[PDB]
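Quick heads-up: the C-alpha cells below are two forms of one chain, split into structure 1 and structure 2.
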Structure 1
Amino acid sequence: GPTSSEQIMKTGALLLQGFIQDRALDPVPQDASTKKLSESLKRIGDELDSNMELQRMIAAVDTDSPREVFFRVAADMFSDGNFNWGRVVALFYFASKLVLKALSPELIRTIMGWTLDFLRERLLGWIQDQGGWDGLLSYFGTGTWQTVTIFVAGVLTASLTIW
C-alpha cells in the first residue's frame, strides 16, 4: 500500500526520474495518481522556472562539488526538524537543476541517488504519516500553481542564501 516504505521509495524514484526528463534509464510503467503527480510537478517546475529571484540564486552557486552543495541545501531546508510538501518539491526541483548544469551526463543517476538517499534517510517517516504520495496530491489541490510556486520558491531561495 501507499504508506509502505517500499512503495514510497518506488513512486519517489519514478516521480523524480520523470520530472528530470521534463527539465532536460528506462521508464518503468506508472499508475493513475502518479500520472497526476507528474503532471503537477511539471506545472510547478515551469512556474518555478520563471521565478526570477530563484533563478538568479540558482545561478549563484558556483559548484565544483554538486554533492557538497546538494546535501548542504537539502539539510538546510530541513534543519528545523519540520516537514512539509513544499520542501519536498523544492528538493526535487533543485536536483533537476543540478542535472541541467551537468548537461555539459552519468550525473543524472548520481544526483537521483543523492535525492532518494536523502528521501529514505530523512523524509520517509513523515511521508508515511501523510498517507504516502497522495499527501502531495492534496497539497497541489489545496492551492494554485501560482500560489504553491511562491512557497516552493521561497523555501529554496532561503536555503540557497545560507550557502
Structure 2
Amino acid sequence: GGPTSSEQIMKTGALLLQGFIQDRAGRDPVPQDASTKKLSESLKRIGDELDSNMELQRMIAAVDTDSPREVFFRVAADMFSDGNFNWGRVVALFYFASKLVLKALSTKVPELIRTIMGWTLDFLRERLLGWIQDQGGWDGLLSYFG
C-alpha cells in the first residue's frame, strides 16, 4: 500500500510521533527514511515554537493529571468536537501528547522517590536500626563527620 493506506498511515504516524516525543524530551533515536526525516524536522520546529507559548506552558503545568489518560482523551475529544480537521490540529495534538509525557513524569517521580524511600527505610528499620541506636542515632553520623 501507498501513503493513503492505513498501514502506512499508522506506521509513519508512529515513527513521526515517537521521533517527535523523544525529540521533545530534551528539555534510543528512531529509524526514518528520507521523507519522514523531512517531516520530522518540520515537526521539531513547530514543537519548539509552541514551547515558547508561555501561557500554554503555564496551563499544561497546572493540569490535574491524576488521570493522564483521561486528560489526553478529554483534550483530543475537545479539539476535534466541531467536526473539522486540518494538519495544524493533528500537529497541535501530537505536540500535546509529547507534553503529556513530560507532565506524566512530573507525577511518577514523586511516587518513585516515595517508593524507593519505602524500600530503604523498611530495610533500615528492620536491619540497621539496632546498630544506629548503638551510635545514639543520627547524632552519631554528625560525630562521624568530624
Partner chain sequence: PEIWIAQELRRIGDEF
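All residue numbers here refer to structure 1's sequence, counted from 1. Here, rigid core means the biggest group of C-alpha atoms that superpose within 1.5 Å across both forms.
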Looking at both forms of the chain, which one is the form deposited with the partner chain bound?
2
Superposing the core, which one of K42, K36, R67, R122 shows a C-alpha shift reaching 2 Å or more between structure 1 and structure 2?
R122
Rigid core fitted, then: does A95 show a CA shift of 2 angstroms or greater between structure 1 and structure 2?
no
Is there a C-alpha shift of 2 Å or more at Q55 between structure 1 and structure 2 once the rigid core is superposed?
no
Hey, core superposed, how many Å does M112 shift at the CA between structure 1 and structure 2?
29.8
Supposing the core is put in the same place in both forms, how far has the CA of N82 shifted between structure 1 and structure 2, in Å?
1.1
